[PDB]
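A.B. asks: For the sequence shown, the residue numbers in the authors' numbering are 22 to 285, 288 to 313, 317 to 529, 536 to 1012, 1021 to 1093. Heads up, the beta-carbon is just placed ideally off N, CA and C, and yes, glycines get one too.
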Amino acid sequence: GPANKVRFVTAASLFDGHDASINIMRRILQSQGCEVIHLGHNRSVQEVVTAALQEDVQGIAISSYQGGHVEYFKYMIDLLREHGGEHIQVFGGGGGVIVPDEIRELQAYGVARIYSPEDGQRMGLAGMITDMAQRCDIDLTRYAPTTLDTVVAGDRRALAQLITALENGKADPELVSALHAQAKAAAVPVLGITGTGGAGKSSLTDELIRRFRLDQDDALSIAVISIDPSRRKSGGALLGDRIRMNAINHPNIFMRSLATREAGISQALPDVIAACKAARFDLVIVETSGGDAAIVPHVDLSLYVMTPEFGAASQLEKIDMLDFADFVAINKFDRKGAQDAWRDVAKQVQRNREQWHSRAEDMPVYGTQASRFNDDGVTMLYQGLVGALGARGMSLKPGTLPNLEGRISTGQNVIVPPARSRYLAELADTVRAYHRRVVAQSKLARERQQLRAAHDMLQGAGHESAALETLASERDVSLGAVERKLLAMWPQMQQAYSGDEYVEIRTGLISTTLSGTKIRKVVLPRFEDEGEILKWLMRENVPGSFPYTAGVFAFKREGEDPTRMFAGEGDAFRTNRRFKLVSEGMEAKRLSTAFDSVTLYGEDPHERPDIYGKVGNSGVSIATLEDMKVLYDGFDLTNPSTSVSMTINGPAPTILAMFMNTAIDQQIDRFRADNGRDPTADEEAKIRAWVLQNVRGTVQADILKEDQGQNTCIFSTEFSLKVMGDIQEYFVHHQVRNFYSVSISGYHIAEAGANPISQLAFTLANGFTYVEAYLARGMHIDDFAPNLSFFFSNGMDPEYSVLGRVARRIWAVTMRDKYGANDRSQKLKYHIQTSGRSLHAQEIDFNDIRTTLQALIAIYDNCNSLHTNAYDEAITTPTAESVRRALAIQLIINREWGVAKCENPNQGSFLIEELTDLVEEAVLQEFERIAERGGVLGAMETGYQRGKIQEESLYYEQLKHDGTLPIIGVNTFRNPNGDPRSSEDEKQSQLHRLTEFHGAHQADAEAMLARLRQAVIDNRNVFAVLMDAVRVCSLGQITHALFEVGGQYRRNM
Ligand SMILES: CCCC(=O)SCCNC(=O)CCNC(=O)[C@H](O)C(C)(C)COP(=O)(O)OP(=O)(O)OC[C@H]1O[C@@H](n2cnc3c(N)ncnc32)[C@H](O)[C@@H]1OP(=O)(O)O
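Laid out in structure tokens, this is it:
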């Protein structure tokens, strides 16, 4: 532990989701005795600086892995000098993105240190943190004011420094007494908010502060004192209440996180409060963790916060806080037994107050749900607090908020009903039951054949025993209806695949080799045993037949390969050229779009250094519908041989609306060109409706994965799911049957370290959650199931070879048995991308070897779409030459490779069938573990997924570093000889195209945006409005509109 109390503010830069490294740095800082105010990811400079200034820290640690770091730090250094924080030292992350010329530049600008990857290897990760902590080991109490004149005047930076003095007991004794004297005469209300651990203390507080801002039109000056007993023996702590605060980013709001001993509230808080009271605030809010009623004698009003899980009704007779609390908030009122929790608590408070002459429903016990946007429950609690604070001497304007009455929150958008909690377990039983039938029916089919076989052998010998036939006849009825038809069609099935054509229409079955050998596309088994035949027909039928283990289609398509390559760079014009380069000479126009971090967060490009640096870098910059049209110019989106994939999650409904309008306008253009006249009202509507049906493509939009470790979500999970459903409803209404609403991904999960079994199980579980959610909404299974794309990562692990086939069978069986859906719904279609986790910077030429083997098993196992990574993936975005080597891997396997001429080469293999069985079972067991945690959503409350992933990640690293798990070129066979974005004009282009778009729709802008908000308030279809909104509004405008009526995502520690 250092001399002074070293405080830090840590965060990831704006639009930066790579918050994996900064969460490691804040651990080492914490362990070395530093109080860390962690801000999480996606933090603007204006945010980080405001935090640093209010907390009054010695140092700031910022990680930047999305680029644009130079403009970012320059902004922060500038903004810190302007608002009295030049003594605060800014540090750069361990990102190897920043070249030496930029490190030297920024350090010369004002940045304390930027640690090069060279410094990482030399000093060590703990070494860099130790250096950074020692630099910030300075006393900040000397910068504190000596007169209250500054603080009382309204200076918040002076207040922040004054507190640093008061907290360290280095303030003048005469100054302190004069401070309390000022506070006593100030007469300002102090609300205390205490509660049990993990009850939503900060979440509810933030929402309550938001209530204050909305109700009083940001007229109130609120100071927030967060108290966390994390301060260990080393002196280090973690102050993570600020990360959950979204409504504090405003000049009238001030927040200070205090780290107190885990044993003993020190005599510092009543001073800190007095300081805020003297700073002429309107209201001081003080919150604590796990409830400790050591805050009661220091506040005017106390608020006990709890969850419905309090145990038996007798436990409430032990809680001292229920005897003092002026208000009680039962937060997370969406949980089970919340209703009974309310009556138990309300009765207990009535008993404690001995108010038998009152109604239990009148008690200050509120059922709140801070997680739900604009929750009336929270508002009801707020209405109560105001009346209490108002009577206790506080000036308040008449409220603008709906002054509704009641005590409990009025329900919520129930995603997965508690009755369907065990849905994953039910599916596990569904599959296992199918297998037990396979075993039983197989034995029946075997015996039936054995009897009639032995019966015929007796007639050839002479003596006959018809008693054998009596037993065989019993087997005929014992065998199921579908099982019997399977064996019946088997000889006929063999004749079909026997010929050279699959005879109406015909299809080639045989590809003749260079030697003259005939290679059958689909090779059928040669089993004599009818038990084996039935067993095979039920467990792994031919491609295109239930359970579609070897594929969902009969034969691989001649027109389109599974090839679909990831692209996206600079502005729409540049990517449009890269799209043509990849699909050069191919009838199969299969595009895969990647957006820049600015677009991925639903923002418009802007001059501000925060955003400007990010524009165009690492993905195409798409801000308006015009940009979208340029992106796919020339390409016929409605053409049957053209599918367009696009990677977007948060802003997915808006981007999809743009893509739809683009595809529609392409045909309106093609009509005005072919006829020379614009289509009439009836002609246009006929065209528009046709486009929606026949348009092919896929948008990712996996929201549940964004809270699984990616951390790139901008909207509240509940809101996104509502709009997600709005899209899926829209697809149904207009018969959009060629577009996939959500590409349920598991790639990001795998990159995080998850082994194949975990990746597959979680992804399927997530997919099943989306299914359960839509069913609870009221959609039919055959309406949304055929619109479900999947996304997996292929690594080197054995389980990857049988991943796709397992995913297909688990889906096909459950969809037919559990949900009773049609054939089109039982067919799981997925996209496989080779693993980037297996691609290393050490010996990059080896990566093509790994990417080949992964591509092979993907193609072997009849994947629906394949992306191949470049050999220099660990260093930069795929270059021009390097994207050809990636594309050649697919071309060589599909065209040159002989075994690939056969479309079911996996089938029959003893290894494949065993691995298929093993992996399938392992997934089912994982389904069960998640089910007994409340389903996927319930498990995410515990952070079960994120936890397991982080575990398996470290187990991989524990073996890779050790040498147990060999990696060629990395931990073995190391090389003796080998020791070791976006044009400025393009950024200006996007800015000009934006302001040009904005001026062109200035009249219809606000009108459309207001309509969009009202559609959320009136609980209408959001996507339906977006289909009109994107034609007069930009991405940023639409996103910001929804922020006001859908709320922003709240960060998790
Ligand atoms: C670090 C960041 C990494 C990332 O995020 S990368 C993610 C990017 N996303 C992707 O690469 C893939 C996107 N998803 C997709 O392309 C699709 O969802 C999918 C299902 C994988 C592929 O779709 P498509 O290739 O267009 O084909 P499809 O399965 O939708 O079906 C099209 C219709 O055409 C027909 N068809 C195509 N191939 C056939 C065949 N072999 N046999 C018989 N019929 C066939 C068929 O009619 C089918 O429609 P339907 O099955 O009758 O409803």
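1. Would DSSP call residue 763 helix, strand or coil?
2. So the candidates are 236, 241, 228; which of them puts its Cα closest to the Cα of residue 268?
3. Leaving out five residues on either side along the sequence, give the residues of the same chain with a beta carbon under 6 Å from the beta carbon of residue 886.
4. At a threshold of 6 Å, does residue 933 count as lining ligand 1 (C-beta to nearest heavy atom)?
5. Only counting the same chain, and skipping five residues up and downstream in sequence, which positions put a Cβ closer than 8 Å to that of residue 649?
6. What do you get for residue 800, buried or exposed, if any count of 16 or more other CB atoms within 10 angstroms of its CB means buried?
7. Are there any heavy atoms of ligand 1 lying less than 6 Å away from the beta-carbon of residue 802, as far as the coordinates show?
8. Compare the C-alpha of residue 137 against each of 933, 120, 129, 616 and name the closest.
9. Between which two residues does the beta strand (DSSP E) harbouring residue 820 extend?
10. Count the other CB atoms, across all protein chains shown, that sit within 10 Å of the CB of residue 205; report buried if there are 16 or more and exposed otherwise.
11. Are the region 435–448 and the region 806–815 touching, with three or more C-beta to C-beta distances below 8 Å?
12. Could you check the C-alpha separation between residue 787 and residue 938 for me, to the nearest Å?
13. Once you ignore the five residues that flank residue 793 on each side, which residues in its own chain have a CB closer than 7 Å to its CB?
14. Under 8 Å, with one C-beta from each stretch per pair, do the region 905–919 and the region 851–865 reach the 3-pair mark?
15. Return yes when at least one heavy atom of ligand 1 lies under 6 Å from the C-beta of residue 677, else no.
16. With DSSP run on the structure shown, which of helix, strand or coil describes residue 729?
17. Within the same chain, show all residues whose beta-carbon is closer than 7 Å to that of residue 186, passing over the 5 residues directly before and after it, in chain order.
18. For a test of your reading of the model: does the CB of residue 667 fall under 6 Å from any non-hydrogen atom of ligand 1? Yes or no.
19. Give the DSSP bridge partners of residue 626, in chain order.
20. Can you tell me whether residue 718 sits near ligand 1, meaning its C-beta is under 6 Å from at least one heavy atom of the ligand?
21. Excluding five sequence neighbours on each side, which residues of the same chain lie with their C-beta closer than 6 Å to the C-beta of residue 675?
22. So residue 948 and residue 840 are supposed to be a Cβ contact under 8 Å. How far apart are they, rounded?
23. Quick one, are the C-beta atoms of residue 216 and residue 317 less than 7 Å apart?
24. Following the continuous beta strand (DSSP E) through residue 327, name the residue where it begins and the one where it ends.
25. Of the choices 657, 601, 692, 652, whose alpha-carbon is the least far from that of residue 668?
26. Which class does residue 864 belong to by DSSP, given the choice of helix, strand or coil?
27. Let me check you understand the geometry: is the CB of residue 1018 closer than 6 Å to at least one non-hydrogen atom of ligand 1?
28. Do you know offhand how far residue 403's Cα is from residue 376's?
29. State the Cα-Cα distance for the pair residue 772 and residue 819, rounded to the nearest angstrom.
30. For residue 423 versus residue 237, is the C-beta distance shorter than 7 Å?
31. Rounded to the nearest angstrom, how far is the Cβ of residue 659 from that of residue 1071, given a contact under 8 Å?
32. Based on Cα-Cα distance, which residue from 256, 1064, 261, 716 lies nearest to residue 53?
33. If you run the structure through DSSP and keep just helix, strand and coil, what is residue 51?
34. Output needed for residue 72: all residues of its chain with C-beta closer than 7 Å, excluding positions within five of it in sequence on either side, in chain order.
35. Using 7 Å as the threshold, is the C-beta distance between residue 636 and residue 1076 below it?
36. With a threshold of 6 Å, establish whether the CB of residue 553 neighbours any heavy atom of ligand 1.
C.D. replies: Quick look at the numbers:
1. By 1-based counting over the sequence shown, the position of residue 763 is 731. Here residue 763 sits in helix by DSSP.
2. In the sequence shown, residue 268 corresponds to position 247, counting from 1. Looking at the Cα atoms, 228 is the closest of the given residues.
3. Translated into positions along the sequence shown, residue 886 becomes position 854. Taken in chain order, the residues that qualify are 826, 866.
4. Mapped onto the sequence shown, residue 933 falls at position 901. No, the Cβ of residue 933 stays beyond 6 Å of every heavy atom of ligand 1.
5. In the sequence shown, the residue the question calls residue 649 occupies position 617. Within the same chain, residue 649 has close Cβ partners 87, 88, 89, 628, 629, 1021, 1022.
6. On the sequence shown, position 768 is the one that residue 800 refers to. It is buried - the Cβ of residue 800 has at least 16 other Cβ atoms within 10 Å.
7. Looking up residue 802 in the sequence shown gives position 770. Incorrect: residue 802 has no Cβ contact closer than 6 Å to ligand 1.
8. Taking the first residue of the sequence shown as position 1, residue 137 is located at position 116. Selected option, being the one with the closest Cα: 120.
9. As a position in the sequence shown, residue 820 is number 788, starting the count at 1. Note, residue 820: beta strand (DSSP E), 820–826.
10. Position 184 of the sequence shown, counting from 1, holds the residue named residue 205. Residue 205 should be labelled exposed.
11. Short answer: they touch.
12. Position 755 of the sequence shown holds residue 787. Position 906 of the sequence shown holds residue 938. Using only the alpha carbons, I get a separation of about 22 Å.
13. To locate residue 793, count along the sequence shown from 1; it is residue 761. 955, 958, 959.
14. no
15. Sequence index remark: in the sequence shown, residue 677 carries index 645 (1-based). Because some heavy atom of ligand 1 lies under 6 Å away, the Cβ of residue 677 counts as near it: yes.
16. Reading the sequence shown from its first residue, position 697 is the one you call residue 729. Of the three classes helix, strand and coil, the one that applies to residue 729 here is strand, per DSSP.
17. Start at 1 with the first residue of the sequence shown, and residue 186 comes out as number 165. Answer for residue 186: 162, 165, 192, listed in chain order.
18. Position 635 of the sequence shown, counting from 1, holds the residue named residue 667. For ligand 1, not one heavy atom lies less than 6 Å from the Cβ of residue 667.
19. Working through the sequence shown from its first residue, we reach residue 626 at position 594. 679.
20. The residue you call residue 718 lines up with position 686 of the sequence shown. No.
21. Counting from one through the sequence shown, the residue named residue 675 turns up at place 643. Closer than 6 Å at the Cβ level, and outside the excluded window around residue 675, lie 622, 728, 729.
22. Here the question's residue 948 lines up with position 916 in the sequence shown. Here the question's residue 840 lines up with position 808 in the sequence shown. Not quite, the Cβ-Cβ distance comes to about 10 Å (not below 8 Å), so this is no contact.
23. Taking the first residue of the sequence shown as 1, we reach residue 216 at position 195. Taking the first residue of the sequence shown as 1, we reach residue 317 at position 291. Yes, the Cβ-Cβ distance between residue 216 and residue 317 is below 7 Å.
24. On the sequence shown, position 301 is the one that residue 327 refers to. Counting along the chain, the beta strand (DSSP E) containing residue 327 begins and ends at 327–332.
25. Here residue 668 corresponds to residue number 636 of the sequence shown, with the count starting at 1. It is 692.
26. On the sequence shown, position 832 is the one that residue 864 refers to. Residue state, collapsed to three classes: strand.
27. Missing from the coordinates: residue 1018, inside the break in the chain from 1012 to 1021.
28. Residue numbering aside, residue 403 sits at position 377 when the sequence shown is read from its first letter. Residue numbering aside, residue 376 sits at position 350 when the sequence shown is read from its first letter. Approximately 20 Å, taken between the alpha carbons.
29. Here residue 772 refers to the residue found at position 740 of the sequence shown. Here residue 819 refers to the residue found at position 787 of the sequence shown. One C-alpha to the other measures close to 4 Å.
30. Looking up residue 423 in the sequence shown gives position 397. Looking up residue 237 in the sequence shown gives position 216. The answer is yes: Cβ separation under 7 Å.
31. If you number the sequence shown from 1, residue 659 lands on position 627. If you number the sequence shown from 1, residue 1071 lands on position 1031. The pair is not a contact, with the Cβ atoms about 13 Å apart (cut-off 8 Å).
32. Residue mapping note: residue 53 aligns to position 32 of the sequence shown, counting from 1. Minimum Cα distance to residue 53 is reached at 256.
33. The sequence position of residue 51 within the sequence shown is 30, counting from 1. In the structure shown, the three-state DSSP call for residue 51 is helix.
34. Walking along the sequence shown from the start, residue 72 turns up at place 51. For residue 72, where only same-chain residues beyond five positions count, the Cβ hits under 7 Å are 30, 58, 60, 263.
35. In the sequence shown, the residue the question calls residue 636 occupies position 604. In the sequence shown, the residue the question calls residue 1076 occupies position 1036. Taking 7 Å as the Cβ cut-off, residue 636 and residue 1076 qualify as a contacting pair.
36. Along the sequence shown, one-based indexing puts residue 553 at 521. No - ligand 1 has no heavy atom lying nearer than 6 Å to the Cβ of residue 553.
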